[PDB]
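First, one chain by itself in structure tokens, the form deposited without ligand ADP.
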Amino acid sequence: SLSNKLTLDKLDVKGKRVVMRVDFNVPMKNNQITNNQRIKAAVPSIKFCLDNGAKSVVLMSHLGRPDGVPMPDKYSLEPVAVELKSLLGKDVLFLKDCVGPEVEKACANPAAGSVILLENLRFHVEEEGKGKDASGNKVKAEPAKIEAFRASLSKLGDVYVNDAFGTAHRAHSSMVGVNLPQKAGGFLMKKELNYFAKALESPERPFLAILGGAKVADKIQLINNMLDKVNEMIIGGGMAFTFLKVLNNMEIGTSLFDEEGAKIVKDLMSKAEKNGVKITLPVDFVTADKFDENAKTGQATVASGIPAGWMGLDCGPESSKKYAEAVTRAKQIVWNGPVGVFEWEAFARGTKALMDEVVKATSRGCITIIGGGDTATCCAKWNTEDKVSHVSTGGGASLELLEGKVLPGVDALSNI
């Protein structure tokens, strides 16, 4: 369950050493942070621990994919220690490793209110459990070493806090390997759990899922899980063409077509009808003569078909109206995937108009949940992160949740 989990608000940290896993996987360039959003996001949790008299806060995280190889030249967390120092307005000790006697003893009994940032966890192959060797050959962590690695991390604090929802879909040592009495979710984790639990277990209805994507076949579990829960579903983006070919005899030109997906389209529509799920597919399109930002553009409907040598890369204005109609009917929205090639201005009007609708919906009381990845990227692009109820901080994590998969990192948390 996503509810009934221990969270930082209810965790007593008085004189307690807090070992906290956080999301410091920031984009960087020239060994500098190009966006410190994730670093700032974790501050409320860290503040709270210090402000409630925590002896220490030991921060652990990853950066990029060194793959179990120490790469402090490239993928060091030291730049983060600096930025964190500024944001907190408090000094931050940066250790050059995350495990070992040195790290351990250093974390054993810090001065009251010590912020300690450990080095990239994925410098050790034991974090992920797999990775690459010095030479770049793939390798798997030894079980004794994994256990040793996890034992070390456990010493570094008295209580554990997981504020790294974005890695909670993986059974990594820092997610499921911290053996301590109390294992609580941080305030970021809290929000994820609070929004998703309500949405998936007790939604305000109508509940609309907006699913966008390239293919169908790789979203069977996502679509199925939503069809078990929702009242309405928009199927947008390239994948819609597979539905339209099968269902409406549509000529789709060079548009994406999912041969495997096509075989279960009618199964999906059957399930949808039986569950009372109103499906909205697009009815019109902005076409392009090639898969390119600067392609020639045109229009098409289902009826007109898309000509040979043209592909659909966005929905058209009539589609956007139909999308809006469903959004206007929603009391709850989960939006996972753009409905066009939003990174190209010529094919972004559909996704932008939908984003406008979801924002409008939010303003009149709709609960709107954006999945991580592209959909979240669209909220950053158009400055609507604060205009929707919740933008998930983890793309891979949110997908797994919406697919109804297990989140090991969440399961490892204590219950209440």
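One-based numbering along the sequence shown. Heads up, when I say rigid core I mean the largest set of C-alphas that superpose within 1.5 Å between the two forms.
- Other compared entries: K381 unbuilt in at least a third? Yes.
- Message: Tell me whether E345 is absent from the model in at least one third of the other entries compared, counting only those where the residues either side are present.
- Response: Across the other compared entries, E345 is absent from none.
- 166-174 or 132-140, whichever carries the higher mean Cα B-factor: Mean CA B-factor is higher for 132-140.
- Query: Would 71-79 or 210-218 have the larger average of its C-alpha temperature factors, as given in the entry?
  - Reply: Higher mean C-alpha B-factor: 71-79.
- Message: Checking the record values for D284, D91, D228, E343, which has the greatest CA B factor?
- Response: In this record, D91 carries the highest C-alpha B-factor of the candidates.
- Whose C-alpha has the highest temperature factor in the PDB entry: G261, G113, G237, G186? It is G113.
- Item | Among modelled residues of the same chain, the CA temperature factor third for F123 | Ranked within chain, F123 CA B lands in the highest tercile.
- B-factor third for the C-alpha atom of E385 within its chain: It falls in the middle third of the chain.
- Report the third (lowest, middle or highest) to which the CA temperature factor of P27 belongs, ranking only the modelled residues of the same chain. Ranked within chain, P27 CA B lands in the highest tercile.
- Item | Ranked C-alpha temperature factor of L402 among modelled chain residues, by third | Tercile = lowest for this residue's CA B-factor.
- Message: By the recorded C-alpha temperature factor, relative to the other modelled residues in its chain, which third is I279 in?
- Response: Tercile = lowest for this residue's CA B-factor.
Heads up, the form deposited with ligand ADP bound isn't pictured, but that's what we're talking about next.
- 4.5 Å heavy atom contact, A106 and ligand ADP in the deposited complex: Flag for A106 set to no.
- Would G312 sit within 4.5 Å of ligand ADP in the deposited complex, counting heavy atoms only? Answer yes; at least one heavy atom of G312 falls within 4.5 Å of ligand ADP in the deposited complex.
- Task: Report whether the minimum heavy atom distance between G373 and ligand ADP in the deposited complex is within 4.5 Å.
- Result: The answer is yes: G373 has a heavy atom within 4.5 Å of ligand ADP.
- Message: Residue-level contact is defined here as any heavy atom of the residue lying within 4.5 Å of ligand ADP in the deposited complex; does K219 satisfy this criterion?
- Response: Heavy-atom contact with ligand ADP at 4.5 Å: present for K219.
- Item | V339, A184, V334, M189 - the one with a heavy atom within 4.5 Å of ligand ADP in the deposited complex | Checked against the cut-off, the match is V339.
- Message: Which residue, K215, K198, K229, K132, is the contact with ligand ADP in the deposited complex, using a 4.5 Å heavy atom cutoff?
- Response: So the residue touching ligand ADP in the deposited complex, by this definition, is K215.
- Work out which of the listed stretches, 352-360, 381-389, 51-59, 365-373, brings a heavy atom within 4.5 angstroms of ligand ADP in the deposited complex. Careful reading of the contacts points to 365-373.
- Query: Counting only heavy atoms and a 4.5 Å cut-off, does ligand ADP in the deposited complex sit next to every one of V82, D97 and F123?
  - Reply: Not one of the three qualifies.
- Task: Taking only heavy atoms into account, state which residues of 216-239 are within 4.5 Å of ligand ADP in the deposited complex, ordered by sequence.
- Result: Residues within 4.5 Å: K219, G237, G238.
- Just one of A353, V359, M28, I367 has a C-alpha that shifts by 2 Å or more between this form and the one not shown on a rigid core fit; which is it? Just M28.
- Message: I want to check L200: does it shift between this form and the one not shown by 2 Å or more at the Cα, with the core superposed?
- Response: No, because once the rigid core is superposed, the C-alpha of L200 moves less than 2 Å between this form and the one not shown.
- C-alpha of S86 off by 2 Å or more between this form and the one not shown on rigid core: After core superposition, the C-alpha of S86 moves 2 Å or more between this form and the one not shown.
- Align both forms on the core first, then report whether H390 has a C-alpha shift of 2 Å or more between this form and the one not shown. Not so; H390 is displaced by less than 2 Å.
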